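Structure, as structure tokens:
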Amino acid sequence: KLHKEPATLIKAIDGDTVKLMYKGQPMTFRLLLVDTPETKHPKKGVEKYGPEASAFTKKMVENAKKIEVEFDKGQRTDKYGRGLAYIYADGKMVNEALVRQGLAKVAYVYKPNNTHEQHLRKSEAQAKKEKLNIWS
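So the sequence shown is numbered by the working numbering: it starts at 682 and just counts up by one.
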């Protein structure tokens with residue numbers, strides 16, 4: 682059974698990455714299950730919709746009262762040391778909000794970190810249907 686734990690914003694870094702204070706330690710978090718266009722892409726740098734996805738995530742976590750992190754059932758960190766989690770801003774999942782707005786795609790899924798996969802895929806289908814942003 683997944684559970685939410687509190688965390689405190691340190692800095693939003695990109696559409697798909699935020700630094701949080703978690704259990705009294707600074708940590709970089711990668712948002713599970715979503716790929717956003719990035720501002721700091723390994724090879725390309727600033728892709729299309731990257732500044733927009735990045736501003737969306739930043740605003741959403743900066744204006745929150747409460748941030749909560751939710752780990753999935755599998756590995757909790759990736760090979761870069763980043764936490765792998767669902768992030769909530771006042772009860773609203775950031776991962777889903779990005780996908781609902783057409784500012785992220787559902788990523789390649791690695792079991793067993795796939796608890797919210799169908800839920801995200803439903804939101805992605807709706808954004809594509811509404812032809813929002815990436816899907817416009």
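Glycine is no exception: its CB is placed at the ideal position from the N, C-alpha and C atoms.
Can you name, in chain order, every residue of its own chain whose Cβ lies under 6 Å from the Cβ of residue i, other than the five neighbours on each side?
i: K739; result: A693
i: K786; result: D716
i: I815; result: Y730 and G783
For residue i and residue j, I'd like the C-alpha separation in whole angstroms.
i: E811; j: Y791; result: 28 Å
i: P732; j: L683; result: 31 Å
i: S804; j: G762; result: 29 Å
i: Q807; j: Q799; result: 13 Å
i: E686; j: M708; result: 14 Å
i: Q706; j: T698; result: 16 Å
i: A788; j: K700; result: 20 Å
i: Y767; j: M774; result: 7 Å
Assuming the contact rule is C-beta atoms closer than 8 Å, residue i and residue j should be a hit. Round their C-beta distance to whole Å, please.
i: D695; j: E728; result: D695 to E728, Cβ: 11 Å. No contact.
i: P793; j: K754; result: 5 Å
i: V750; j: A688; result: 5 Å
I'd like to check one pair, residue j with residue i: are the Cβ atoms closer than 8 Å?
i: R711; j: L765; result: yes
i: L714; j: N776; result: yes
Excluding the five sequence neighbours on either side, which residues of its own chain have a C-beta within less than 7 Å of the C-beta of residue i, listed in chain order?
i: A770; result: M741, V742, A745 and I748
i: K721; result: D695
i: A734; result: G696, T717, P718, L779, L784 and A785
Going by the DSSP bridge assignment, what does residue i pair with across the sheet?
i: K685; result: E751
i: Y703; result: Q706
i: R711; result: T698 and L765
i: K810; result: None, per the DSSP bridge assignment.
i: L784; result: DSSP, once it has assigned bridges, lists no residue as partnering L784.
Ordered along the chain, which non-local residues of its own chain (more than five positions away) have a Cβ less than 8 Å from that of residue i?
i: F737; result: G696, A778, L779, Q782 and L784
i: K809; result: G783 and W816
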